[PDB]
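Novice: My sequence and its experimental structure, below.
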There are 2 protein chains.
Amino acid sequence: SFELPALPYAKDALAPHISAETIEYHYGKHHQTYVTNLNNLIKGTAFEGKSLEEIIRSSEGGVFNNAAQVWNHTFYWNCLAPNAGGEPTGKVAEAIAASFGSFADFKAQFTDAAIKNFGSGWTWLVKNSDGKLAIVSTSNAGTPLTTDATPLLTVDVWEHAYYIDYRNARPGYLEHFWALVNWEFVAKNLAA
Amino acid sequence: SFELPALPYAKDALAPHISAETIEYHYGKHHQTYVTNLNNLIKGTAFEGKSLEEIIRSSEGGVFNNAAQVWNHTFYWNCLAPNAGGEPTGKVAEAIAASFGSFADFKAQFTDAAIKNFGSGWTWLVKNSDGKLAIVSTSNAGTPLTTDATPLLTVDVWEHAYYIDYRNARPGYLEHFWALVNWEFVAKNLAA
Ligand SMILES: [Fe+3]
Ligand SMILES: [Fe+3]
């Protein structure tokens, strides 16, 4: 039995960039349904009692799709915050400049990958096995946890993440995403 | 060059089941963007001298995704009509009863397949090479035209198809889809 983790801020704290209505549906209905579907699928199985990351790394099918979406959305909500956004400093800024040349080049490449990601999915900044940073996109519930790369930051590009506020304009959603990035959470993941 | 086909009815003719606002974004912006993107991707290539269907059967990646979404949305708008829906008649009802037992059983099975189709995609009623009907789901821009089966009916379950009117309630959208089905189009597709 897994519980929907509390949001680390109020429902309206990302407004106007992501509306209170979008959190009401995206957290309150979509992320909640993935926890309920996961609890129903693993009841009575060898997956009950394993951690969420263990389930994601050992399953496939509906158990995988729901477990990875529960984890992926909790990671996403922790990637956003009120009174954040802007350019990183410190260790994060040094690693981003070393791998992409500059913060501006990273932002441009991450925005391009997130807009080109066809269909539903997620676009990720990851730390590779060799210590270098990379941008990778996944489809549907796919996550870097099934690989050797460590996830540092993500953006949800499933249409429910932005359709209430931006309709078809996924570029506008990505421009507002940058005003919300919680670089303290990215710093915690870089040093993990 | 390919052109966005005219919609078969006024943009408010499917209301209250699909609003005029969903038609202006889904037809006016999403279907139009796939035509524009296809045209720009094939400019100057050998794909420029082929029918849309031949492009769908011989391409991959971006050319395929846009060409198949152009075809899939034109097919979808023709499957819907004002003053239609209800139970089919004639050869269609006969064929549905032969392969599924009855219309109520077909309707249940198609609804279920459409609700369980994970992420973005399409659910189809097809006539297989052997003559039996079957329900098939595809992901993202996937279409039965790359196989031996003949498409007869489809429902778009990309979230942009229903999010303005139904938000997360894809079952509500499918209940209202049954009120719009153009059984005349389905019969012309079966008779070939
Ligand atoms: Fe989401
Ligand atoms: Fe669509």
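Specialist: The structure has been received and is ready for your questions. Numbering: from 1, shown residues only, chains lettered A, B, ... in the order given. Ligands and ions are numbered 1, 2, ... in the order given.

Novice: Write out the residues of chain A neighbouring ligand 1.
Specialist: By C-beta under 5 Å from the ion, the part of chain A that sits against ligand 1 consists of A:156, A:158, A:161. No exception for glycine: its C-beta is placed from N, CA and C like everyone else's.

Novice: if we go to 8 Å?
Specialist: Within reach of ligand 1 by C-beta under 8 Å from the ion, chain A has these residues: A:26, A:30, A:31, A:69, A:72, A:73, A:76, A:156, A:158, A:160, A:161.

Novice: What is the burial count for the closest residue to residue A:100 other than its chain neighbours?
Specialist: Nearest residue to residue A:100 in three dimensions, chain neighbours excluded: residue A:106, at 4.0 Å (C-beta to C-beta, 6 or more residues apart in numbering or on different chains). For residue A:106, the number of neighbouring residues by other C-beta atoms under 10 Å in any protein chain shown comes to 20.

Novice: where does residue A:82 land in three-state SS?
Specialist: Using DSSP: H, G, I helix; E, B strand; the rest coil, the structure places residue A:82 in coil.

Novice: that older thread, sec struct for the residue nearest to residue A:100, please.
Specialist: Relying on three-state DSSP, one would call residue A:106 helix.

Novice: ok, back up a step: strands - which of the residues of chain A next to ligand 1 land there?
Specialist: If you go by DSSP state E, the residues of chain A next to ligand 1 have residue A:156 in strands.

Novice: ok, residue A:32 touching residue A:3?
Specialist: No - with contact defined as C-beta atoms under 8 Å, residue A:32 does not reach residue A:3; the gap is 10.4 Å.

Novice: Which of those two has more residues huddled nearby?
Specialist: residue A:32 (15 against 7).

Novice: list the contacts for residue A:109?
Specialist: Residues near residue A:109 by C-beta atoms under 8 Å, 6 or more residues apart in numbering or on different chains: A:100, A:135.

Novice: mind running it again at 10 Å?
Specialist: A:100, A:101, A:125, A:134, A:135 (C-beta atoms under 10 Å, 6 or more residues apart in numbering or on different chains).

Novice: Mind putting those into CSV with distance to residue B:8 and neighbour count?
Specialist: Listed next are these as CSV, based on distance: C-beta to C-beta, whole Å; neighbours: other C-beta atoms under 10 Å in any protein chain shown:
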residue, distance to residue B:8, neighbour count
A:100, 48, 20
A:101, 51, 11
A:125, 45, 29
A:134, 47, 16
A:135, 42, 18
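
Novice: In helices, which of the residues you listed appear?
Specialist: residue A:100 (DSSP state H).

Novice: before we move on, back to that, output the residues of chain A next to ligand 1 in TSV; the columns should cover distance to residue B:62.
Specialist: Output for the residues of chain A next to ligand 1, formatted as TSV (distance: C-beta to C-beta, whole Å):
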residue	distance to residue B:62
A:26	28
A:30	28
A:31	31
A:69	26
A:72	25
A:73	28
A:76	27
A:156	22
A:158	20
A:160	24
A:161	23
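
Novice: can you narrow the residues of chain A next to ligand 1 to ones near chain B?
Specialist: Applying C-beta under 10 Å from any C-beta of the partner chain to the residues of chain A next to ligand 1, one finds that A:26, A:30, A:69, A:158, A:160, A:161 fall near chain B.

Novice: Could I get the contacting residues of the first one?
Specialist: Looking back up the chat, that one is residue A:26. A:18-19, A:32, A:73, A:76-77, A:156, A:158, A:160-162, A:164, B:168.

Novice: what kind of secondary structure is the residue sitting furthest away from the middle of chain A in?
Specialist: Ranked by distance from the centre of chain A (C-alpha atoms, centre = their mean), the top residue is residue A:44, with 29.4 Å. Three-state call for residue A:44 (three-state DSSP): coil.

Novice: top helix in chain A by residue count?
Specialist: Assignment by DSSP H; longest helix in chain A turns out to be helix A:61-78.

Novice: Can you show me the helices along chain A?
Specialist: Along chain A, counting by DSSP H, helices occupy A:20-25, A:32-42, A:52-58, A:61-78, A:90-100, A:103-116, A:163-166, A:170-177, A:183-190.

Novice: Now find how far off-centre the fourth one is within its chain.
Specialist: Between the mean C-alpha location of helix A:61-78 and the chain-wide mean there is a distance of 9 Å, by C-alpha atoms, centre = their mean, to the nearest Å.

Novice: how many degrees apart are it and helix B:103-116 in direction?
Specialist: If you take axes from the mean of the first three to the mean of the last three C-alpha atoms, to 10 degrees, helix A:61-78 sits at 40 degrees to helix B:103-116.

Novice: same for helix A:61-78, what does it pack against?
Specialist: Packed against helix A:61-78 by the contact rule (3 or more C-beta pairs under 10 Å, 6 or more residues apart in numbering or on different chains; DSSP states H and E) you find helix A:32-42, helix A:52-58, strand A:121-127, strand A:150-156, helix A:183-190.

Novice: swap the cut-off to 7 Å and go again
Specialist: Using 3 or more C-beta pairs under 7 Å, 6 or more residues apart in numbering or on different chains; DSSP states H and E, the elements in contact with helix A:61-78 are helix A:32-42, helix A:52-58, strand A:150-156.

Novice: returning to that earlier point: and the furthest pair within the contacts of residue A:109?
Specialist: Within the contacts of residue A:109, A:101 and A:125 form the most distant pair, 14.6 Å apart (C-beta to C-beta).
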